[PDB]
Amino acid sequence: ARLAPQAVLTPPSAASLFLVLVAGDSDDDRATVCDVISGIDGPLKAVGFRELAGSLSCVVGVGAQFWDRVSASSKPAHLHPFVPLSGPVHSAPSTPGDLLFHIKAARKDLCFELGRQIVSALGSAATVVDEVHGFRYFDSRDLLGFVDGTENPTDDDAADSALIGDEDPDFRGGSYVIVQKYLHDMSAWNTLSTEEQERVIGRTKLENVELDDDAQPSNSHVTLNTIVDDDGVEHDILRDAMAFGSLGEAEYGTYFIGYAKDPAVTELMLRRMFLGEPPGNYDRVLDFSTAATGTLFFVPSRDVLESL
């Protein structure tokens, strides 16, 4: 899908930019934001066409509250604000955001320039409340040192997992996305042996092979994030996480971003991670990772976005 907005199914990229904004209260602010997001193909092409490979993509997400301001009388089935989670040891906050721009390209300059044109076009109508410049780290790893994304669904599976279908026909082709900015405690993480780390994640570290059933702990990240319904059907989400950080501020992060046709799947993963399954048996990744943000967005299809 070349230089088309709302391309949820794009493969991983070398660079990304995650912009979360809050819209101003006026109707003028509302109208500027609407103009910009609905014509987002304009700047996407203005920047993206300059690269022969045409790698640049831009997914626009709209928060529950803001959606109500621009489409009061027509709403996707599962749009609501992000549900805060308060677990026995760790919590996932719900933090502000009216707009998400999830931008990816083969090159940092293309991300940066697209962001520059979007922010400039929004002017005073919106404020950036979170900004993360994601980068690929070695062979698709996160800063914990593990290959991150391995089990993503691909092709038809990706589309079945992430894209709204017959269950909500007026919003077919759309999706729901959750973001969380995580910061890691690297020194604590490095006190663990590699084997302890593998038991936390659920895969071997260098080789990125899922641990055997009989060595797979019940609170591993993989176990807690495997969602199987009563008919034995697995329900997957599409993740585009990227590393980020700042060396001077000792910040080493993983920007989580996950797409699903029904956000309850993602929400259940989060509940199982933060509260545990069974309750108390929580994800030991959270012993080394703290979420600074937590926001849910509806991702309209191109058609719906273009007519807002």
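In case it trips you up, residue 1 is the first one in the sequence shown, and so on.
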The stretch carrying the higher mean Cα B factor in the deposited entry, 254-262 or 276-284, is 276-284
Stretch with higher mean Cα temperature factor, 92-100 vs 211-219, is 211-219
Note to self: of 299, 17, 14, 22, the C-alpha temperature factor tops out at 22
Scanning 61, 245, 43, 248 for peak Cα temperature factor in the entry gives 248
In terms of its chain's C-alpha B-factors, the third that includes residue 140 is the lowest
Tertile call for residue 226 (CA temperature factor, within chain, third-based) is the lowest
Chain thirds by Cα B factor, record data; residue 171 belongs to the highest
On the chain's distribution of Cα B-factors, residue 113 falls within the third called lowest
Residue 271: C-alpha B-factor third of its chain, per the entry, is the middle
